[PDB]
Amino acid sequence: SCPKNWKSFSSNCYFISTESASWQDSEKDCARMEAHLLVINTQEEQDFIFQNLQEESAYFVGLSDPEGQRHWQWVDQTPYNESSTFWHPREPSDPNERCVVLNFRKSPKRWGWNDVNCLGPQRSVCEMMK
Ligand SMILES: [Ca+2]
Ligand SMILES: [Ca+2]
């Protein structure tokens with residue numbers, strides 16, 4: 105049911121970016137395709153998308169702290185559940201890193217979340233509801 109070049113999971117469709125852009129330009133691009141940036145709700149959704157990423161690249165996610173107050177918000181305005189997050193050790197790390205990416209670290213090997221700069225172009229993941 106999903107369009108061309110979109111992975112399928114549950115009742116949604118997910119696009120794994122190859123081009124890089126800023127966080128807002130990435131959300132605008134997901135909106136052009138009638139979607140939003142990735143909003144991770146269940147661990148089954150999280151492990152599915154880790155499986156489909158370049159381990160050597162970071163991927164933008166619809167979680168941001170626009171004020172720097174460490175008040176993380178999903179773009180679909182669903183509640184942020186602190187205890188069920190996938191942060192790497194020591195992250196979040198910088199109040200000026202206000203945008204969340206998925207990235208694979210090498211020692212020890214782990215998939216997780218990391219806060220990075222928002223203007224610095226990265227890859228992205230769009231979530232489209234079907
Ligand atoms: Ca989701
Ligand atoms: Ca960081």
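In the entry's author numbering, the protein residues as written are 105 to 234. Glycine included, each C-beta is placed from N, C-alpha and C at the ideal position.
- Taking C-alpha positions only, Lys213 is separated from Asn207 by approximately 11 Å.
- One residue after another in chain order, those with a Cβ under 7 Å from a heavy atom of ligand 2 are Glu195, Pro196, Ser197, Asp198, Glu201, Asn218, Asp219 and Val220.
- Straight across, the Cα-Cα distance linking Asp129 with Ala139 is about 13 Å.
- Annotation: the continuous beta strand (DSSP E) that includes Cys117 extends over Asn116 to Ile120.
- In this structure, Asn145 has its beta carbon less than 8 Å from a heavy atom of ligand 1.
- For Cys203, the enclosing beta strand (DSSP E) starts and ends at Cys203 to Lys210.
- About 7 Å separates the beta carbon of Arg202 from that of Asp219, a gap short enough to meet the 8 Å contact definition.
- A heavy atom of ligand 1 is found nearer than 8 Å to the CB of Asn116.
- Assigned with DSSP and collapsed to three states, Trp127 falls in helix.
- Not a single heavy atom of ligand 1 lies less than 8 Å from the C-beta of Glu123.
- Membership of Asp151 in the alpha helix (DSSP H) is indicated by the continuous run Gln147 to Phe154.
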